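A.B. asks: Sharing a structure here in structure tokens format.
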Amino acid sequence: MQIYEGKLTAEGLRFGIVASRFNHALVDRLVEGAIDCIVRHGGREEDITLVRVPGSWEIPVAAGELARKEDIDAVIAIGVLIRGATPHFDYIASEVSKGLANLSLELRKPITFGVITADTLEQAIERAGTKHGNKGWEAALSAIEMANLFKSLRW
Amino acid sequence: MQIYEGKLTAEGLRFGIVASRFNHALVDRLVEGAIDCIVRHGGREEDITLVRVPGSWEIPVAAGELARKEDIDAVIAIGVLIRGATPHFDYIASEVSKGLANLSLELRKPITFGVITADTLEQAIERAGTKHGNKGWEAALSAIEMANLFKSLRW
Amino acid sequence: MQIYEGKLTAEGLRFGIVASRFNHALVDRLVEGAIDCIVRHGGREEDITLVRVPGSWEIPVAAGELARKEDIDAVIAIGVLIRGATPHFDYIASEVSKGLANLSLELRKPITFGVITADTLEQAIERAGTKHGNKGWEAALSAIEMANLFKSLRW
Amino acid sequence: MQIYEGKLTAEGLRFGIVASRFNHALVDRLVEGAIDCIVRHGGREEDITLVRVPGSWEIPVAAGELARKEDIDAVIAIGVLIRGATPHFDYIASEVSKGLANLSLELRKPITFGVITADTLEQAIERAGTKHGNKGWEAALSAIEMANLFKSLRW
Amino acid sequence: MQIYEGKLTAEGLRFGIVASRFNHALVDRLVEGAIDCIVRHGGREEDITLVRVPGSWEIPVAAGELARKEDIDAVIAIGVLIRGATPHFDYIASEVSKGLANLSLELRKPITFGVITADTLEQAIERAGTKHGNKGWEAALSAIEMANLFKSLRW
Amino acid sequence: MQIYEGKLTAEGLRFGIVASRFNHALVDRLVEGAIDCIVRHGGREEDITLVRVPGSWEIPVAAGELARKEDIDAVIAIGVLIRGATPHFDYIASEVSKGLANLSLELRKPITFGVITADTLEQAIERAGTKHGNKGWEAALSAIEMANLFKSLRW
Amino acid sequence: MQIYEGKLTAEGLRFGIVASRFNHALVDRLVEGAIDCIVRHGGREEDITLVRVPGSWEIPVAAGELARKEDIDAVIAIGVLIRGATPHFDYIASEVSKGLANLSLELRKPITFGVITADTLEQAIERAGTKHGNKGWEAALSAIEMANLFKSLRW
């Protein structure tokens with residue numbers, strides 16, 4: 001059986017992060033998590049490009065610019081959506097997930113989904129570096145594993 | 001680390017607004033908010049193009065015409081959907097969000113989502129320049145930040 | 001400020017695993033998790049020593065034999081305790097935690113605590129490679145980080 | 001991968017049993033279970049030493065005398081604690097578990113925990129050779145497996 | 001099978017009693033019980049040493065002085081703890097049980113636990129020479145049996 | 001009367017911090033608190049050594065390495081434990097408190113306990129630099145006072 | 001960025017305390033806290049001036065006399081108001097807070113607010129050196145930090 005799997009060494013890999021500014025008190029924790037993950041897996045901080053966008057809505061069109069760069073191995077898309085009073089949350093979370101998902105297929109490139117989609121502020125705090133982990137850290141770790149996997153499937 | 005971020009100066013930027021006419025008592029407040037935001041951030045009012053369309057359904061096909069113009073840096077899409085008696089609201093809000101989201105990826109251009117999707121008239125009044133802000137103002141401010149970011153990612 | 005931290009590369013590190021046989025349907029998943037973690041972080045499988053013991057009670061006296069080996073950098077102690085009808089669970093979980101904790105101080109060596117202490121079978125299934133992760137994987141990852149940290153604090 | 005595990009043959013192994021006299025109607029069943037297990041796994045009954053102590057409190061200081069004997073391969077500590085009216089049970093079960101646990105680490109020798117710690121008399125009857133097995137039999141079987149494991153880790 | 005057990009003759013045995021002064025209305029009954037037990041089993045009253053300490057907290061450090069005497073065969077530690085309004089009871093009962101338990105292992109000498117740990121005054125009265133016996137009498141009887149057992153295990 | 005007390009000047013004192021990485025969104029606030037406290041009491045930031053460990057479990061074995069350094073006056077041990085679904089929290093909080101407590105006695109050196117042990121995430125947020133203070137700040141301040149006290153008791 | 005902050009060394013600083021006599025059983029604890037704080041931060045007790053006034057009402061007119069002294073660096077205003085049966089508490093707490101607040105602006109001098117304003121006696125006991133700290137200690141520590149800050153802003 002041919003088995004392809006990605007190792008978790010980030011040496012030589014070059015990453016893009018697109019992180020939204022809305023809910024920055026939490027998104028700042030997720031971006032810390034993502035960069036920590038890359039650096040402690042052997043990535044260089046100088047091989048990370050961080051793009052800040054005003055909100056989750058803007059993440060896919062910015063991810064599209066980064067993912068089109070030849071020298072980016074994977075993109076980590078980071079944000080925090082918290083459900084409010086209106087149905088707005090439903091529409092943003094629907095479109096950001098679909099947009100990133102489509103780009104990843106179109107450009108044949110890993111784009112990881114480190115976007116918290118929380119019903120409550122408490123849930124969001126749990127997943128941005130407290131008792132349910134850091135989904136920025138998890139998204140970066142997926143991107144490291146996917147970048148290597150792609151490396152090994154091409155050659 | 002390479003950091004790309006958009007400043008909030010609108011000097012030299014050229015904007016399209018597409019605003020629906022349904023619920024105009026509120027949409028008029030959102031368009032006021034968007035233009036105020038551009039002008040007080042250093043944009044010229046003569047560098048704004050405003051397109052009026054009959055409803056939220058019509059916003060993406062009109063945004064598509066504006067976003068294809070070489071001399072438009074970002075498009076701000078503005079409307080008000082208020083849930084009624086039938087499931088109609090669900091289908092319009094689904095399609096307008098998907099349509100704008102797709103265009104923004106396809107044409108590689110910021111299209112901001114200043115469309116209120118409110119369960120109630122009271123909620124819509126709150127978000128069209130009363131106690132929960134003006135999402136026309138917020139959408140314009142996202143468009144200013146995204147236009148500059150794109151400027152800096154191309155060069 | 002002097003900062004010491006452990007990287008997550010397992011290259012050149014040599015690990016002991018002590019895993020209990022009681023609840024083996026779950027412990028087998030935790031040991032899979034631990035070995036996967038070591039190997040995908042750059043450890044060699046031939047640099048892992050696995051010791052099987054009959055139950056959680058027996059883990060500390062076996063961990064003590066492995067941790068006394070000069071050529072073991074860290075020990076990963078793995079088991080599953082599930083609360084039953086009697087107070088027995090309380091006493092085993094108390095003694096295994098205290099025993100491992102004491103050894104780690106006495107022998108000045110990382111011994112990680114990959115022992116699930118679950119009130120219910122459902123909780124144990126969640127933490128042995130389903131919806132709350134794999135604490136074998138987490139324990140191994142702590143051991144990789146602690147082995148390196150110790151490396152850097154000695155020299 | 002180096003794998004160390006203990007087989008279940010008791011040939012040539014020499015065992016100590018320390019069994020308390022309180023609750024002897026049940027402890028007698030556990031000691032029967034322990035001796036049956038050793039003999040049917042190929043141990044000689046003449047290679048078993050049985051020490052009787054007045055209660056569970058006295059088991060660790062007696063286990064300490066047996067475990068210090070060069071010609072004892074493992075010690076099986078057996079008793080029955082049943083919760084009564086006062087908090088006494090909590091303190092005895094806490095100290096007997098801690099005492100045995102410490103000795104096993106200190107003397108680097110298997111000491112198995114065949115001590116029932118039951119909330120009710122019915123629970124104790126279940127675990128002393130009726131519908132939930134015999135924890136004397138289980139403790140002896142752990143001691144056989146641990147004695148062999150230690151054999152294989154030393155040489 | 002080698003069987004070691006302690007007979008209940010106290011002839012020639014030399015005992016230490018450490019008894020606390022708090023709750024002396026009951027502790028006086030337990031010390032009476034302990035001395036009666038030794039004397040009616042053939043011990044001489046002149047071969048008993050009684051040490052009084054102010055409370056249960058002080059029993060282990062005093063038991064430590066008695067147990068270090070070459071001419072003391074066993075120590076009987078006696079007191080009464082009755083749960084009050086505060087969590088204090090929990091901490092004293094925890095430390096006195098652990099302290100005595102540790103000494104007995106360290107000095108390789110029987111130290112029996114005749115300390116009542118009662119939720120209520122009524123429970124304490126029951127166990128200090130009324131309807132649930134005398135735990136001073138029981139503690140002395142354990143000490144007689146353990147002293148002899150140790151006699152027979154050394155030679 | 002001889003009175004020994006520690007002043008709160010940190011001039012010339014050299015500190016170790018051991019801080020866990022689990023719950024880093026809060027632990028980062030506690031470490032900020034600890035360093036702020038040292039620096040504003042007259043400590044030099046270059047006389048602080050910070051050791052990061054993967055979790056609270058790992059804090060005592062790392063604190064043991066720092067506290068054995070001749071040039072460390074006190075160690076500040078920092079983490080956040082938040083009770084979850086299983087009894088795991090009980091066992092980690094029990095062992096980290098016991099481990100640090102033992103080291104401090106063994107090495108005759110202040111090791112302060114800045115470990116939050118919270119039933120809820122809200123409680124943990126309160127004690128990591130909001131409405132119930134910063135226990136990192138408090139732990140550092142204890143370490144400053146204890147380091148000086150030790151200074152004055154030796155000479 | 002220019003950053004001004006006050007260190008917590010009290011060396012060379014000269015303090016006024018104004019403390020009310022009503023509720024003196026608690027206010028005596030707050031004044032102890034304030035003086036302890038100054039002295040253990042390196043202040044001389046001979047550089048403290050303590051003014052006693054009959055009640056909280058009288059604190060601002062007395063603070064005004066102390067704050068007008070050239071040789072006072074900060075004033076610490078201390079009292080205890082406990083809500084009673086009538087609306088009197090509301091009016092005293094309103095006027096003492098406003099009076100001190102105004103003086104501090106008028107004379108351009110730190111006046112710290114160590115006045116407990118408790119609904120209940122139990123709350124007041126908590127904040128005058130039991131489980132919620134000592135607000136005399138906290139007020140003094142604010143005064144030390146503010147005196148230094150003012151030092152650094154003038155030169």
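All positions are counted from 1 along the displayed chain.
Looks like electron microscopy, 3.0 Å, at least that's what the header says.
Any Cβ shown, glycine's included, is placed from N, Cα and C.
Per Swiss-Prot, 5-amino-6-(D-ribitylamino)uracil binding site is recorded for B:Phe22, B:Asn23, B:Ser56, B:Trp57, B:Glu58, B:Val80, B:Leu81, B:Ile82, B:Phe113, B:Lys135. Per Swiss-Prot, the feature (2S)-2-hydroxy-3-oxobutyl phosphate binding site maps to B:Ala85, B:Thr86, B:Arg127; the stated evidence is a curator's inference. According to Swiss-Prot, the active site, proton donor annotation covers B:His88.
I'd like these features described in context: how deep, what's nearby, how far apart.
C.D. replies: All protein chains included, B:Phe113 (5-amino-6-(D-ribitylamino)uracil binding site) registers 26 other Cβ atoms within 10 Å of its own Cβ.
In the three-state DSSP scheme, B:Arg127 ((2S)-2-hydroxy-3-oxobutyl phosphate binding site) is classed as helix.
Around the Cβ of B:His88 (active site, proton donor), the same chain contributes no residue under 8 angstroms that is 6 or more positions distant in sequence.
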A.B. asks: Consider each pair of residues in B:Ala85, B:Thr86, B:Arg127, all listed by the record as binding (2S)-2-hydroxy-3-oxobutyl phosphate, and report the largest Cα separation in Å as a whole number.
C.D. replies: 23
A.B. asks: Among B:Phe22, B:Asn23, B:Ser56, B:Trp57, B:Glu58, B:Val80, B:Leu81, B:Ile82, B:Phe113, B:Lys135, the annotated 5-amino-6-(D-ribitylamino)uracil contacts, find the widest CA pair distance and round it to a whole Å.
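C.D. replies: Greatest Cα separation within the listed binding residues comes to 19 Å.
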A.B. asks: Nearest to B:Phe113 (5-amino-6-(D-ribitylamino)uracil binding site) by Cα, among B:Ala85, B:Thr86, B:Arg127 (binding-site residues)?
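C.D. replies: Closest by Cα: B:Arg127.
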A.B. asks: Which of the three DSSP states, helix, strand or coil, fits B:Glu58 (5-amino-6-(D-ribitylamino)uracil binding site)?
C.D. replies: helix
A.B. asks: Select the most exposed residue of B:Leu81, B:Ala85, where exposure means the fewest other Cβ atoms within 10 Å, treating these as the binding-site residues.
C.D. replies: B:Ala85
A.B. asks: Helix, strand or coil for B:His88 (active site, proton donor)? Use DSSP.
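C.D. replies: Going by the DSSP assignment, B:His88 (active site, proton donor) falls within a helical segment, counted as helix.
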A.B. asks: Residues with Cβ closer than 8 Å to the Cβ of B:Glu58 (5-amino-6-(D-ribitylamino)uracil binding site), same chain and 6+ apart in sequence?
C.D. replies: B:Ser20
A.B. asks: Around the C-beta of B:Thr86 ((2S)-2-hydroxy-3-oxobutyl phosphate binding site), how many further C-beta atoms are within 10 angstroms, looking at every protein chain?
C.D. replies: 8
A.B. asks: Who sits close to B:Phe22 (5-amino-6-(D-ribitylamino)uracil binding site): which same-chain residues at least 6 apart have their Cβ under 8 Å from its Cβ?
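C.D. replies: Sequence-distant Cβ neighbours: B:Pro54, B:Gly55, B:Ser56, B:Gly79, B:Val80.
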A.B. asks: Are any of the binding-site residues B:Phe22, B:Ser56, B:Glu58, B:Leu81, B:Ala85, B:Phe113 near chain A, where near means a Cβ under 8 Å from a Cβ there, and if so which?
C.D. replies: B:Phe113
